[PDB]
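Here is the structure we will look at, set down as structure tokens.
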Amino acid sequence: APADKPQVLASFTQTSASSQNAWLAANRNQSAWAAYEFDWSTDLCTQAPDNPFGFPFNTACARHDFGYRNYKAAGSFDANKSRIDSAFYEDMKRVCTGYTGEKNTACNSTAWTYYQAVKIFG
Ligand SMILES: [Ca+2]
């Protein structure tokens, strides 16, 4: 791997919207990143808590799998887990931003439930 792989990896897994956006753009052109041999696989929100209202969290689950799979392969999952879990929560709250009134509250409550599940069983 290239010697700046750790920096790149860190840049795609911060909690901010610009880090989420940098990752989406790279996910869209995986081929430009082949030299880095990242694991791009994802099972979306499989094995997550129930989502009766259908809030669309698949993109957030995807970036969360990217942080877990790639930090485990780098041998530094324990030291970075909690950031990846928090970035997951921030991605989900950015989804909930498009709902208002009670729906926002319901979205936020499902997002917290997802966050807590990875925080505890991750
Ligand atoms: Ca997953």
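Each chain of the structure tokens is named A, B, ... in the order shown, its residues numbered from 1; ligands are numbered from 1 in display order.
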
Would you list the residues that come within 9 Å of ligand 1? Count only C-alpha atoms and all ligand atoms and give the answer as a ChimeraX atom specification. /A:42-48,58,61-66

Which residues are close to residue A:52, i.e. within 10 Å by only C-alpha atoms, leaving aside same-chain residues fewer than 3 positions away? Reply as a VMD selection string. chain A and resid 49 55 110

List the spatial neighbours of stretch 12-29 of chain A as a ChimeraX atom specification - criterion: any atom at most 9 Å away, only C-alpha atoms, same-chain residues fewer than 6 positions off excluded. /A:40,59-60,63-64,66-67,83-91,94

Residue with smallest distance to residue A:57 - pool A:3, A:95, A:120, A:32, counting only C-alpha atoms: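 Of all the options, A:95 lies closest to residue A:57.
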
Using only C-alpha atoms, which residues sit within 10 Å of residue A:105 once same-chain residues fewer than 6 positions away are excluded, as a compact mmCIF listing (two decimals) with C-alpha atoms, in the first residue's frame?
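Wrote selection18.txt, looks like this:
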# COMPACT_ATOMS: atom_id res chain seq x y z
CA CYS A 96 -33.10 12.89 9.89
CA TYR A 99 -37.76 15.23 8.27
CA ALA A 111 -30.83 6.75 14.75

Residue nearest residue A:35 - candidates A:122, A:1, A:8, A:56, atoms counted: only C-alpha atoms: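 Result for the nearest residue to residue A:35: A:1.
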
Could you work out how far atom CA of residue A:10 lies from atom CA of residue A:30, giving the answer in Å with one decimal? 16.7 Å

Give the helix (DSSP H, G or I) residues of chain A, as assigned by DSSP on the backbone, as a PDB file with N, CA and C atoms, in the first residue's frame.
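So the final result, stored in selection-v4.pdb, reads:
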ATOM      1  N   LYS A   5      -1.709   5.794   3.033  1.00  0.00           N
ATOM      2  CA  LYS A   5      -2.976   5.087   3.225  1.00  0.00           C
ATOM      3  C   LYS A   5      -3.600   5.393   4.578  1.00  0.00           C
ATOM      4  N   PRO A   6      -2.877   5.370   5.677  1.00  0.00           N
ATOM      5  CA  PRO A   6      -3.525   5.728   6.958  1.00  0.00           C
ATOM      6  C   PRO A   6      -4.147   7.106   6.985  1.00  0.00           C
ATOM      7  N   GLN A   7      -3.544   8.067   6.305  1.00  0.00           N
ATOM      8  CA  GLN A   7      -4.115   9.408   6.324  1.00  0.00           C
ATOM      9  C   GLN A   7      -5.386   9.476   5.493  1.00  0.00           C
ATOM     10  N   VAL A   8      -5.318   8.732   4.390  1.00  0.00           N
ATOM     11  CA  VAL A   8      -6.475   8.714   3.507  1.00  0.00           C
ATOM     12  C   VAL A   8      -7.640   8.059   4.259  1.00  0.00           C
ATOM     13  N   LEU A   9      -7.267   6.951   4.896  1.00  0.00           N
ATOM     14  CA  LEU A   9      -8.303   6.173   5.622  1.00  0.00           C
ATOM     15  C   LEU A   9      -8.969   7.053   6.683  1.00  0.00           C
ATOM     16  N   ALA A  10      -8.130   7.801   7.402  1.00  0.00           N
ATOM     17  CA  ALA A  10      -8.638   8.704   8.444  1.00  0.00           C
ATOM     18  C   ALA A  10      -9.495   9.787   7.831  1.00  0.00           C
ATOM     19  N   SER A  11      -9.101  10.266   6.671  1.00  0.00           N
ATOM     20  CA  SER A  11      -9.862  11.353   6.060  1.00  0.00           C
ATOM     21  C   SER A  11     -11.236  10.883   5.652  1.00  0.00           C
ATOM     22  N   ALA A  17     -19.639  16.188   7.858  1.00  0.00           N
ATOM     23  CA  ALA A  17     -20.206  16.099   6.545  1.00  0.00           C
ATOM     24  C   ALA A  17     -19.098  16.168   5.454  1.00  0.00           C
ATOM     25  N   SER A  18     -18.072  17.025   5.608  1.00  0.00           N
ATOM     26  CA  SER A  18     -17.131  16.940   4.467  1.00  0.00           C
ATOM     27  C   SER A  18     -16.376  15.614   4.430  1.00  0.00           C
ATOM     28  N   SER A  19     -16.113  14.951   5.543  1.00  0.00           N
ATOM     29  CA  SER A  19     -15.514  13.612   5.486  1.00  0.00           C
ATOM     30  C   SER A  19     -16.509  12.614   4.866  1.00  0.00           C
ATOM     31  N   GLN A  20     -17.788  12.597   5.291  1.00  0.00           N
ATOM     32  CA  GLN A  20     -18.790  11.748   4.637  1.00  0.00           C
ATOM     33  C   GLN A  20     -18.837  11.979   3.129  1.00  0.00           C
ATOM     34  N   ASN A  21     -18.715  13.246   2.692  1.00  0.00           N
ATOM     35  CA  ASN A  21     -18.841  13.573   1.282  1.00  0.00           C
ATOM     36  C   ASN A  21     -17.561  13.116   0.569  1.00  0.00           C
ATOM     37  N   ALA A  22     -16.420  13.259   1.261  1.00  0.00           N
ATOM     38  CA  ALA A  22     -15.193  12.801   0.576  1.00  0.00           C
ATOM     39  C   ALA A  22     -15.300  11.307   0.336  1.00  0.00           C
ATOM     40  N   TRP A  23     -15.861  10.603   1.320  1.00  0.00           N
ATOM     41  CA  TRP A  23     -16.030   9.146   1.129  1.00  0.00           C
ATOM     42  C   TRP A  23     -17.045   8.869   0.061  1.00  0.00           C
ATOM     43  N   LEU A  24     -18.141   9.621  -0.028  1.00  0.00           N
ATOM     44  CA  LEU A  24     -19.085   9.236  -1.095  1.00  0.00           C
ATOM     45  C   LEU A  24     -18.507   9.381  -2.497  1.00  0.00           C
ATOM     46  N   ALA A  25     -17.715  10.437  -2.609  1.00  0.00           N
ATOM     47  CA  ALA A  25     -17.143  10.646  -3.923  1.00  0.00           C
ATOM     48  C   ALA A  25     -16.189   9.513  -4.288  1.00  0.00           C
ATOM     49  N   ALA A  26     -15.396   9.059  -3.314  1.00  0.00           N
ATOM     50  CA  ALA A  26     -14.453   7.962  -3.567  1.00  0.00           C
ATOM     51  C   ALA A  26     -15.203   6.645  -3.815  1.00  0.00           C
ATOM     52  N   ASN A  27     -16.291   6.398  -3.097  1.00  0.00           N
ATOM     53  CA  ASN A  27     -17.107   5.199  -3.240  1.00  0.00           C
ATOM     54  C   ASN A  27     -17.666   5.092  -4.662  1.00  0.00           C
ATOM     55  N   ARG A  28     -17.998   6.241  -5.250  1.00  0.00           N
ATOM     56  CA  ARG A  28     -18.483   6.456  -6.601  1.00  0.00           C
ATOM     57  C   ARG A  28     -17.395   6.201  -7.657  1.00  0.00           C
ATOM     58  N   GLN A  30     -14.424   4.043  -7.243  1.00  0.00           N
ATOM     59  CA  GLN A  30     -13.541   3.127  -6.509  1.00  0.00           C
ATOM     60  C   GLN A  30     -12.287   2.858  -7.295  1.00  0.00           C
ATOM     61  N   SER A  31     -12.445   2.877  -8.630  1.00  0.00           N
ATOM     62  CA  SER A  31     -11.318   2.525  -9.474  1.00  0.00           C
ATOM     63  C   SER A  31     -10.181   3.502  -9.278  1.00  0.00           C
ATOM     64  N   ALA A  32     -10.373   4.794  -9.094  1.00  0.00           N
ATOM     65  CA  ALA A  32      -9.297   5.741  -8.879  1.00  0.00           C
ATOM     66  C   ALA A  32      -8.515   5.473  -7.580  1.00  0.00           C
ATOM     67  N   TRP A  33      -9.074   4.609  -6.719  1.00  0.00           N
ATOM     68  CA  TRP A  33      -8.396   4.280  -5.463  1.00  0.00           C
ATOM     69  C   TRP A  33      -7.805   2.891  -5.342  1.00  0.00           C
ATOM     70  N   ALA A  34      -7.743   2.217  -6.496  1.00  0.00           N
ATOM     71  CA  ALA A  34      -7.285   0.825  -6.474  1.00  0.00           C
ATOM     72  C   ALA A  34      -5.936   0.639  -5.849  1.00  0.00           C
ATOM     73  N   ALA A  35      -5.057   1.647  -5.965  1.00  0.00           N
ATOM     74  CA  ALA A  35      -3.718   1.415  -5.439  1.00  0.00           C
ATOM     75  C   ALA A  35      -3.725   1.198  -3.943  1.00  0.00           C
ATOM     76  N   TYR A  36      -4.787   1.711  -3.311  1.00  0.00           N
ATOM     77  CA  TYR A  36      -4.900   1.647  -1.880  1.00  0.00           C
ATOM     78  C   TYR A  36      -5.505   0.330  -1.396  1.00  0.00           C
ATOM     79  N   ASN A  58     -29.354   3.257   4.681  1.00  0.00           N
ATOM     80  CA  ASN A  58     -28.363   2.388   4.067  1.00  0.00           C
ATOM     81  C   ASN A  58     -27.046   3.113   3.775  1.00  0.00           C
ATOM     82  N   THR A  59     -27.079   4.367   3.371  1.00  0.00           N
ATOM     83  CA  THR A  59     -25.783   4.997   3.073  1.00  0.00           C
ATOM     84  C   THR A  59     -24.934   5.160   4.326  1.00  0.00           C
ATOM     85  N   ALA A  60     -25.590   5.537   5.428  1.00  0.00           N
ATOM     86  CA  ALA A  60     -24.823   5.531   6.677  1.00  0.00           C
ATOM     87  C   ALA A  60     -24.253   4.185   7.093  1.00  0.00           C
ATOM     88  N   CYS A  61     -24.997   3.072   6.994  1.00  0.00           N
ATOM     89  CA  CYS A  61     -24.491   1.742   7.322  1.00  0.00           C
ATOM     90  C   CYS A  61     -23.277   1.414   6.411  1.00  0.00           C
ATOM     91  N   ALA A  62     -23.355   1.871   5.189  1.00  0.00           N
ATOM     92  CA  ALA A  62     -22.246   1.586   4.254  1.00  0.00           C
ATOM     93  C   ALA A  62     -20.941   2.216   4.682  1.00  0.00           C
ATOM     94  N   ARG A  63     -20.985   3.478   5.136  1.00  0.00           N
ATOM     95  CA  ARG A  63     -19.716   4.103   5.478  1.00  0.00           C
ATOM     96  C   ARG A  63     -19.258   3.520   6.792  1.00  0.00           C
ATOM     97  N   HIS A  64     -20.224   3.129   7.652  1.00  0.00           N
ATOM     98  CA  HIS A  64     -19.820   2.449   8.895  1.00  0.00           C
ATOM     99  C   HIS A  64     -19.141   1.119   8.592  1.00  0.00           C
ATOM    100  N   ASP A  65     -19.628   0.279   7.681  1.00  0.00           N
ATOM    101  CA  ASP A  65     -18.884  -0.944   7.297  1.00  0.00           C
ATOM    102  C   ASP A  65     -17.524  -0.589   6.754  1.00  0.00           C
ATOM    103  N   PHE A  66     -17.435   0.480   5.960  1.00  0.00           N
ATOM    104  CA  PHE A  66     -16.092   0.844   5.473  1.00  0.00           C
ATOM    105  C   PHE A  66     -15.118   1.128   6.609  1.00  0.00           C
ATOM    106  N   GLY A  67     -15.503   1.864   7.623  1.00  0.00           N
ATOM    107  CA  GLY A  67     -14.555   2.109   8.735  1.00  0.00           C
ATOM    108  C   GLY A  67     -14.229   0.856   9.468  1.00  0.00           C
ATOM    109  N   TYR A  68     -15.200   0.019   9.833  1.00  0.00           N
ATOM    110  CA  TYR A  68     -14.899  -1.233  10.521  1.00  0.00           C
ATOM    111  C   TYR A  68     -13.993  -2.175   9.698  1.00  0.00           C
ATOM    112  N   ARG A  69     -14.355  -2.436   8.444  1.00  0.00           N
ATOM    113  CA  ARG A  69     -13.631  -3.477   7.705  1.00  0.00           C
ATOM    114  C   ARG A  69     -12.212  -3.032   7.445  1.00  0.00           C
ATOM    115  N   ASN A  70     -12.033  -1.735   7.148  1.00  0.00           N
ATOM    116  CA  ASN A  70     -10.681  -1.265   6.785  1.00  0.00           C
ATOM    117  C   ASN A  70      -9.783  -1.060   7.997  1.00  0.00           C
ATOM    118  N   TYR A  71     -10.336  -0.687   9.143  1.00  0.00           N
ATOM    119  CA  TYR A  71      -9.514  -0.538  10.374  1.00  0.00           C
ATOM    120  C   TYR A  71      -9.197  -1.907  10.936  1.00  0.00           C
ATOM    121  N   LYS A  72     -10.110  -2.875  10.791  1.00  0.00           N
ATOM    122  CA  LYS A  72      -9.761  -4.224  11.243  1.00  0.00           C
ATOM    123  C   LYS A  72      -8.608  -4.786  10.416  1.00  0.00           C
ATOM    124  N   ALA A  73      -8.684  -4.563   9.115  1.00  0.00           N
ATOM    125  CA  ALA A  73      -7.588  -5.033   8.227  1.00  0.00           C
ATOM    126  C   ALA A  73      -6.272  -4.303   8.501  1.00  0.00           C
ATOM    127  N   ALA A  74      -6.282  -3.070   9.012  1.00  0.00           N
ATOM    128  CA  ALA A  74      -5.090  -2.275   9.328  1.00  0.00           C
ATOM    129  C   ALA A  74      -4.581  -2.620  10.713  1.00  0.00           C
ATOM    130  N   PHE A  77      -8.494  -1.432  14.727  1.00  0.00           N
ATOM    131  CA  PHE A  77      -9.936  -1.250  14.969  1.00  0.00           C
ATOM    132  C   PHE A  77     -10.229  -0.752  16.371  1.00  0.00           C
ATOM    133  N   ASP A  78      -9.619  -1.292  17.421  1.00  0.00           N
ATOM    134  CA  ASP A  78      -9.988  -0.905  18.791  1.00  0.00           C
ATOM    135  C   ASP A  78      -9.742   0.589  18.991  1.00  0.00           C
ATOM    136  N   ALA A  79      -8.633   1.129  18.521  1.00  0.00           N
ATOM    137  CA  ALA A  79      -8.324   2.533  18.736  1.00  0.00           C
ATOM    138  C   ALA A  79      -9.232   3.468  17.926  1.00  0.00           C
ATOM    139  N   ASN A  80      -9.877   2.976  16.855  1.00  0.00           N
ATOM    140  CA  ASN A  80     -10.687   3.932  16.081  1.00  0.00           C
ATOM    141  C   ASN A  80     -12.189   3.697  16.098  1.00  0.00           C
ATOM    142  N   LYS A  81     -12.635   2.621  16.707  1.00  0.00           N
ATOM    143  CA  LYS A  81     -14.032   2.213  16.725  1.00  0.00           C
ATOM    144  C   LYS A  81     -14.981   3.330  17.124  1.00  0.00           C
ATOM    145  N   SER A  82     -14.554   3.994  18.208  1.00  0.00           N
ATOM    146  CA  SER A  82     -15.584   4.889  18.744  1.00  0.00           C
ATOM    147  C   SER A  82     -15.790   6.070  17.824  1.00  0.00           C
ATOM    148  N   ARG A  83     -14.750   6.460  17.046  1.00  0.00           N
ATOM    149  CA  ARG A  83     -14.961   7.543  16.119  1.00  0.00           C
ATOM    150  C   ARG A  83     -15.878   7.075  14.986  1.00  0.00           C
ATOM    151  N   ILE A  84     -15.606   5.853  14.538  1.00  0.00           N
ATOM    152  CA  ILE A  84     -16.422   5.306  13.407  1.00  0.00           C
ATOM    153  C   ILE A  84     -17.880   5.194  13.820  1.00  0.00           C
ATOM    154  N   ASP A  85     -18.089   4.756  15.081  1.00  0.00           N
ATOM    155  CA  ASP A  85     -19.468   4.657  15.565  1.00  0.00           C
ATOM    156  C   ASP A  85     -20.086   6.055  15.645  1.00  0.00           C
ATOM    157  N   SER A  86     -19.338   7.059  16.114  1.00  0.00           N
ATOM    158  CA  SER A  86     -19.914   8.398  16.179  1.00  0.00           C
ATOM    159  C   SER A  86     -20.190   8.977  14.804  1.00  0.00           C
ATOM    160  N   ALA A  87     -19.311   8.695  13.828  1.00  0.00           N
ATOM    161  CA  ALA A  87     -19.533   9.193  12.466  1.00  0.00           C
ATOM    162  C   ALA A  87     -20.794   8.598  11.891  1.00  0.00           C
ATOM    163  N   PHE A  88     -21.045   7.329  12.251  1.00  0.00           N
ATOM    164  CA  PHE A  88     -22.288   6.646  11.866  1.00  0.00           C
ATOM    165  C   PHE A  88     -23.536   7.377  12.385  1.00  0.00           C
ATOM    166  N   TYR A  89     -23.437   7.693  13.671  1.00  0.00           N
ATOM    167  CA  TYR A  89     -24.531   8.518  14.268  1.00  0.00           C
ATOM    168  C   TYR A  89     -24.690   9.856  13.577  1.00  0.00           C
ATOM    169  N   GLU A  90     -23.665  10.657  13.331  1.00  0.00           N
ATOM    170  CA  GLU A  90     -23.726  11.893  12.595  1.00  0.00           C
ATOM    171  C   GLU A  90     -24.257  11.681  11.184  1.00  0.00           C
ATOM    172  N   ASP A  91     -23.851  10.624  10.434  1.00  0.00           N
ATOM    173  CA  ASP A  91     -24.467  10.361   9.145  1.00  0.00           C
ATOM    174  C   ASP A  91     -25.983  10.146   9.246  1.00  0.00           C
ATOM    175  N   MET A  92     -26.439   9.349  10.221  1.00  0.00           N
ATOM    176  CA  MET A  92     -27.861   9.118  10.419  1.00  0.00           C
ATOM    177  C   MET A  92     -28.595  10.424  10.817  1.00  0.00           C
ATOM    178  N   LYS A  93     -28.015  11.191  11.730  1.00  0.00           N
ATOM    179  CA  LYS A  93     -28.692  12.465  12.018  1.00  0.00           C
ATOM    180  C   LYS A  93     -28.764  13.368  10.782  1.00  0.00           C
ATOM    181  N   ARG A  94     -27.783  13.363   9.866  1.00  0.00           N
ATOM    182  CA  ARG A  94     -27.902  14.126   8.665  1.00  0.00           C
ATOM    183  C   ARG A  94     -29.075  13.599   7.820  1.00  0.00           C
ATOM    184  N   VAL A  95     -29.444  12.305   7.882  1.00  0.00           N
ATOM    185  CA  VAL A  95     -30.647  11.822   7.184  1.00  0.00           C
ATOM    186  C   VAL A  95     -31.875  12.433   7.843  1.00  0.00           C
ATOM    187  N   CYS A  96     -31.916  12.414   9.138  1.00  0.00           N
ATOM    188  CA  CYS A  96     -33.095  12.887   9.890  1.00  0.00           C
ATOM    189  C   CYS A  96     -33.356  14.365   9.710  1.00  0.00           C
ATOM    190  N   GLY A 101     -41.054  18.202  12.370  1.00  0.00           N
ATOM    191  CA  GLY A 101     -42.120  17.818  13.259  1.00  0.00           C
ATOM    192  C   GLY A 101     -41.870  16.457  13.914  1.00  0.00           C
ATOM    193  N   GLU A 102     -42.921  15.720  14.280  1.00  0.00           N
ATOM    194  CA  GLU A 102     -42.766  14.425  14.935  1.00  0.00           C
ATOM    195  C   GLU A 102     -41.909  13.419  14.155  1.00  0.00           C
ATOM    196  N   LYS A 103     -41.900  13.582  12.844  1.00  0.00           N
ATOM    197  CA  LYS A 103     -41.118  12.592  12.057  1.00  0.00           C
ATOM    198  C   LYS A 103     -39.655  12.730  12.383  1.00  0.00           C
ATOM    199  N   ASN A 104     -39.246  14.013  12.673  1.00  0.00           N
ATOM    200  CA  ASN A 104     -37.836  14.216  13.023  1.00  0.00           C
ATOM    201  C   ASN A 104     -37.521  13.506  14.300  1.00  0.00           C
ATOM    202  N   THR A 105     -38.490  13.599  15.230  1.00  0.00           N
ATOM    203  CA  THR A 105     -38.238  12.968  16.503  1.00  0.00           C
ATOM    204  C   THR A 105     -38.126  11.450  16.388  1.00  0.00           C
ATOM    205  N   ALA A 106     -38.987  10.922  15.504  1.00  0.00           N
ATOM    206  CA  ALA A 106     -38.995   9.461  15.280  1.00  0.00           C
ATOM    207  C   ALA A 106     -37.715   8.953  14.584  1.00  0.00           C
ATOM    208  N   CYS A 107     -37.296   9.765  13.621  1.00  0.00           N
ATOM    209  CA  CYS A 107     -36.023   9.499  12.936  1.00  0.00           C
ATOM    210  C   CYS A 107     -34.887   9.548  13.958  1.00  0.00           C
ATOM    211  N   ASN A 108     -34.822  10.589  14.800  1.00  0.00           N
ATOM    212  CA  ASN A 108     -33.717  10.720  15.747  1.00  0.00           C
ATOM    213  C   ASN A 108     -33.658   9.582  16.722  1.00  0.00           C
ATOM    214  N   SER A 109     -34.829   9.135  17.128  1.00  0.00           N
ATOM    215  CA  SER A 109     -34.969   8.022  18.067  1.00  0.00           C
ATOM    216  C   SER A 109     -34.510   6.716  17.419  1.00  0.00           C
ATOM    217  N   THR A 110     -34.801   6.499  16.108  1.00  0.00           N
ATOM    218  CA  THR A 110     -34.281   5.288  15.446  1.00  0.00           C
ATOM    219  C   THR A 110     -32.778   5.360  15.245  1.00  0.00           C
ATOM    220  N   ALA A 111     -32.272   6.566  14.919  1.00  0.00           N
ATOM    221  CA  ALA A 111     -30.829   6.754  14.755  1.00  0.00           C
ATOM    222  C   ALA A 111     -30.060   6.420  16.040  1.00  0.00           C
ATOM    223  N   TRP A 112     -30.616   6.835  17.199  1.00  0.00           N
ATOM    224  CA  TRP A 112     -29.966   6.598  18.490  1.00  0.00           C
ATOM    225  C   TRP A 112     -29.932   5.108  18.802  1.00  0.00           C
ATOM    226  N   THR A 113     -31.016   4.451  18.422  1.00  0.00           N
ATOM    227  CA  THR A 113     -31.147   3.023  18.655  1.00  0.00           C
ATOM    228  C   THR A 113     -30.087   2.311  17.810  1.00  0.00           C
ATOM    229  N   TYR A 114     -29.917   2.721  16.556  1.00  0.00           N
ATOM    230  CA  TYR A 114     -28.833   2.139  15.758  1.00  0.00           C
ATOM    231  C   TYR A 114     -27.441   2.401  16.311  1.00  0.00           C
ATOM    232  N   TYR A 115     -27.191   3.621  16.804  1.00  0.00           N
ATOM    233  CA  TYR A 115     -25.925   4.006  17.377  1.00  0.00           C
ATOM    234  C   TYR A 115     -25.607   3.197  18.610  1.00  0.00           C
ATOM    235  N   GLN A 116     -26.639   3.106  19.455  1.00  0.00           N
ATOM    236  CA  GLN A 116     -26.410   2.313  20.663  1.00  0.00           C
ATOM    237  C   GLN A 116     -26.106   0.866  20.345  1.00  0.00           C
ATOM    238  N   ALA A 117     -26.702   0.295  19.295  1.00  0.00           N
ATOM    239  CA  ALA A 117     -26.500  -1.121  19.026  1.00  0.00           C
ATOM    240  C   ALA A 117     -25.072  -1.395  18.588  1.00  0.00           C
ATOM    241  N   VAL A 118     -24.550  -0.505  17.752  1.00  0.00           N
ATOM    242  CA  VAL A 118     -23.153  -0.759  17.350  1.00  0.00           C
ATOM    243  C   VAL A 118     -22.217  -0.441  18.511  1.00  0.00           C
ATOM    244  N   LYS A 119     -22.590   0.542  19.306  1.00  0.00           N
ATOM    245  CA  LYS A 119     -21.747   0.943  20.453  1.00  0.00           C
ATOM    246  C   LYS A 119     -21.611  -0.227  21.411  1.00  0.00           C
ATOM    247  N   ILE A 120     -22.688  -0.987  21.581  1.00  0.00           N
ATOM    248  CA  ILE A 120     -22.679  -2.101  22.528  1.00  0.00           C
ATOM    249  C   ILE A 120     -22.386  -3.438  21.885  1.00  0.00           C
ATOM    250  N   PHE A 121     -22.744  -3.694  20.632  1.00  0.00           N
ATOM    251  CA  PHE A 121     -22.439  -5.070  20.191  1.00  0.00           C
ATOM    252  C   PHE A 121     -21.404  -5.120  19.090  1.00  0.00           C
TER     253      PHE A 121
END
